[PDB]
Ligand SMILES: [Zn+2]
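Residue numbers (PDB author numbering), protein chains in the order written: chain D, 118 to 289; chain U, 22 to 310; chain X, 5 to 290; chain E, 735 to 807; chain R, 1 to 191; chain V, 441 to 587.
Put into structure tokens, the structure is as follows:
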């Protein structure tokens, strides 16, 4: 599917940065990042907080927060951007989200793509999704597939730098 | 062929200008430098939010001065506080020299441009920018391979001659020949002007203090004496009323003298000082018992 | 003791930036940072600052975290950039102090013994002086009362060194008022003063009401100081002063009268000169 | 270009023949004035060119060679 | 090898000064942390361990760092002159944990409970409930005089991760002559 | 340019050309061609108030491609010309104080200007609400909306 000129940010997801909260041991975070039946479930409650980190500032167009049709798919999704520190569940509900999204049943299907306000996400470095309920009100929710579609923002990697022209030891 | 439309602006936040000016005056006898943190929001705008000083080193303002360990660590630590900006350019002062880039500066700029084709370079003369004027021109190397095409490769736009005209004290050091200026525009916003307005803001107490009457009476007496002598000339200047082409008389005696300029000009001062003082006097009599 | 804590413009413009950095995404209360600056005889100069990762919890009001290594390493960099700055205190934009201030201040006492916390009310833009500077004192309260930590107050004033002054003056360059004042601005300077004196007197009344209604503790000190201000009133009704006021009010009116006359004769002379001007050109047209 | 627009056969007049406000014409100038910010917007003044012409259409499609006169004094 | 940040919470309360353990409790904690801090870095060279004193306050003496020298050096002059407050200690350790510089490391906390903890049973469980939601594993080890295997403490570890949880152990050390060998045998190599 | 050029020929009178323009704008490089495309489609269906055209114009505007915005904004305004569409005015402005890319505002400044063409009292709120906004570009759009 995907829109014209935009690519999935799977290659851009920093495995080091990503961390889920309430993820069950049997079905972990890595499961929901693969295009397989393997999924992620929340152990201690239906609330889940799945954060990701991108290698370089990326832009966001459409995330695909797919979920199982058993009713344990996500229902209400709160997205935050460029969080300086990891989030807390109690403080996550309080804080106002960048885009409060009410997933509809049509979205959870395998082919469903949910559109995000492209204006708000222009320099996202780390996005945290907060699943506040599942469709069936089941004890544990599930994210069948979840990835972000946008474009990469060219970032000036000062780590490389390196002189390209000139001779060393030259002053003003 | 991409082109930096002259409409393209290097937005300088109210923070950066104070911090860039502060660094420049910090080492004014010598030359200081630091990386600027911002975003390339799009082609026609290079937004710089924060700047962090790269420590002064014997090299000067050159690629070598950019300590990779200092920059990699500082960036890493500013990312935790909530400023995940990208290195958008570099700035260096020019103790009184002007707003131009020397040969060595050009080589630096070419390096920064290597990482992103829009790394803007600024200047910031802490000695000339001593009053309301702030001499800070932004610059981006005009790659020498575009001599076949148009330099300053702009396109549809009309803000090229606005906000500035090519400064002569720089056009000589290579402009529109190797470095072109980019319009500099400051992104001051409310909640930042208000906090800066406190710099010279007075207070509640001020405006009710009645001056002091000993030097007020002396001042009132002083100005009335000075205005008196100015009336003597006003009488002589008018009572002369010489008609030998009076329109020419009114233009051959213009030296900021008797008739009016040293006249009621003092009346405004004398009358403003008394009215404000009196009104303060009566307000205090009412408010304070 | 610190007679004054002169906050330079750059700090309150970085704090504002610091508040925006976080509040924009991580909606949270006060943003805490470190305040660098050079010492003086007694007036602490605040010349720069930086942010320190600070997270707090409304529960127990002591589950916080002010990073040590970030504070240590940051200053490790800044002393490299500029060596005249030493850590001198902290800043938080939460308008009302917290229960966590004392404990955290003890921490910043580990880096500067005479640590002064400057509360910058970044959100408000009001009567003025968006900085409030506090110290830490532990005294026996002379007058037989429990001991405690408490934050004593230190006079705060906002000033500018030359370099920042040039930047600030241009930075406004669209709302600055004329320095001359003129009659228009001078009078507004007084309607502004009256509004404040009422506003300050109203804060005093509410507190006096609070102590009057018991909701607050009778300080027993600073409470009678307000009684000092209540005796320092002028008592203008005194005859000998009433005469002496009319004399100076009369002493000035004769100068505004002479000022008024000069401006009138000049006015008439300017109309007569003008009446000749258009009339003479009137005849000369023919 | 303005002086000789349309080969001296069009004129710009926001007011319509019958005193109305010409929506195509008035829009044309407003977006044209926004050429300081974009040159390619310049052509929008084409909308403000209303042919200053009188057609002698008698029937639906007939275009008779009517010979009519003016009053150039 | 398991990427985890060990935020060791070392007690320094006054009761921590009476040496039911041979030389003293503190050396037991001071010896114990020597192994737990060294145990984690040896397991994974990308690891990092910090320590929080828990008596009279919640000081953060050393933030989360990989280098073990700072943790060891800061241990000295730990001066056991306070009263333990374990209600807040875990929070501050977790809240500081939330500032993990790397976001990938698993969470593992080691608490040095060496004094009688005066905490409402309801409060401790609620603290445990908050930990369960946020997936942090914390190990509790008791030293010196204390109501042996405090019911409040034991309830804490059980609700810490039950229903076939990871098993964040409530390793109870045998009071009396015993080194960290008990603390190193069970908890250090398996938490 | 050609797609923008095509619109000028069928200015105010697209009729059928709109359907081709709608299809062509959608299939584009998401660059200058989109910029010319929206301007052409907006010019062609100038005042048509057509919902189908308006929805597509919005998507390009929500694309937030800078150069795309400067034309989508005008195209958005022209298609809604004199419609007072409460959704359009709320939507158009809502983008203004929510977008960087000053250029997109420059189109939106006039773009929301034409949406109130000739009402002459009807809103008088955008005229007052806009004139108070701090963002200078919106102010200009408030002043133009007076025109
Ligand atoms: Zn230079």
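Ideal Cβ positions, reconstructed from N, Cα and C, are used throughout, including at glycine.
- Under DSSP, residue 111 of chain U shares a beta bridge with U/56 and U/142.
- Interface annotation, residue 177 of chain U: in contact with chain E, CB-CB separation under 9 Å.
- Short of 6 Å from the beta carbon of residue 508 of chain V, and not among the five residues preceding or following it, lie these beta carbons of its own chain, in chain order: 474, 475 and 500.
- For a cut-off of 8 Å, the C-beta gap from residue 171 of chain R to residue 69 of chain X is around 27 Å, too long to register as a contact.
- Interface residue (Cβ-Cβ distance to chain V less than 9 Å): residue 122 of chain D is classified as such.
- Around the beta carbon of residue 112 of chain R, 16 or more other beta carbons sit within 10 angstroms, so the residue counts as buried.
- What residue 272 of chain D touches in chain U, judged by beta-carbon distance under 7 Å, is 107, going in chain order.
- The beta carbon of residue 279 of chain D sits closer than 9 Å to some beta carbon of chain U.
- With 16 or more other Cβ atoms from the protein chains shown falling within 10 Å of its own Cβ, residue 150 of chain U counts as buried.
- Annotation: residue 227 of chain U is outside any beta strand (DSSP E) and is labelled neither H nor E by DSSP.
- Judged by their CB atoms, residue 173 of chain X and residue 171 of chain U are not nearer to each other than the 9 Å cut-off.
- Under the three-state reduction of DSSP, residue 131 of chain U is assigned to helix.
- Residue 576 of chain V carries a helical assignment under DSSP once its states are collapsed to helix, strand and coil.
- The beta-carbon of residue 222 of chain D is placed no less than 9 Å from the nearest beta-carbon of chain X.
- Per DSSP, the continuous beta strand (DSSP E) segment holding residue 174 of chain D begins and ends at 165 to 175.
- At a beta-carbon threshold of 9 Å, the residues of chain U lying near residue 506 of chain V are 62, 63, 64, 65 and 66, ordered along the chain.
- Here residue 122 of chain R carries a helix assignment [DSSP, helix/strand/coil].
- Contact with chain U is found for residue 769 of chain E, since one of that chain's Cβ atoms lies less than 9 Å from the residue's Cβ.
- Residue environment for residue 113 of chain U: buried (at least 16 other C-beta atoms within 10 angstroms of its C-beta).
- Selection X/266, X/248, X/281 and X/223 evaluated against residue 266 of chain U yields X/281 as nearest (Cα-Cα).
- The closest CA to that of residue 285 of chain D, considering only U/63, U/86 and U/239, is found on U/86.
- Boundaries of the beta strand (DSSP E) around residue 121 of chain X: 121 to 124.
- Taking a C-beta distance under 9 Å as the contact criterion, residue 22 of chain X and residue 102 of chain U qualify as a contact pair.
- Using beta-carbon distances, residue 132 of chain D counts as an interface residue toward chain R, with a partner under 9 Å.
- Within the DSSP bridge table, the entry for residue 90 of chain X names X/41 as partners.
- If you keep only unbroken beta strand (DSSP E) runs of at least 3 residues inside the stretch 467 to 548 of chain V, you get nothing at all.
- For the stretch 453 to 483 of chain V, residues whose beta-carbon sits nearer than 7 Å to a beta-carbon of chain D comprise 470.
- Residues of the stretch 203 to 228 of chain U whose Cβ lies closer than 8 Å to any Cβ of chain V, in chain order: 210 and 211.
- Distances between the C-beta of residue 287 of chain D and the heavy atoms of ligand 1 are all 8 Å or more.
- The beta carbon of residue 126 of chain U sits closer than 8 Å to at least one heavy atom of ligand 1.
- Look at the beta carbons and you see the stretch 64 to 75 of chain R touching the stretch 33 to 52 of chain R: at least three pairs across the two are nearer than 8 Å.
- For residue 35 of chain X, there is no enclosing alpha helix (DSSP H), since its DSSP letter is neither H nor E.
- When the beta-carbon positions are compared, residue 134 of chain X and residue 124 of chain X come within less than 9 Å of each other.
- In this structure, the C-beta of residue 113 of chain U approaches ligand 1 to less than 8 Å from one of its heavy atoms.
- DSSP places residue 26 of chain R in the uninterrupted alpha helix (DSSP H) bounded by 25 to 43.
- Residue 154 of chain D and residue 165 of chain D have their alpha carbons spaced roughly 19 Å apart.
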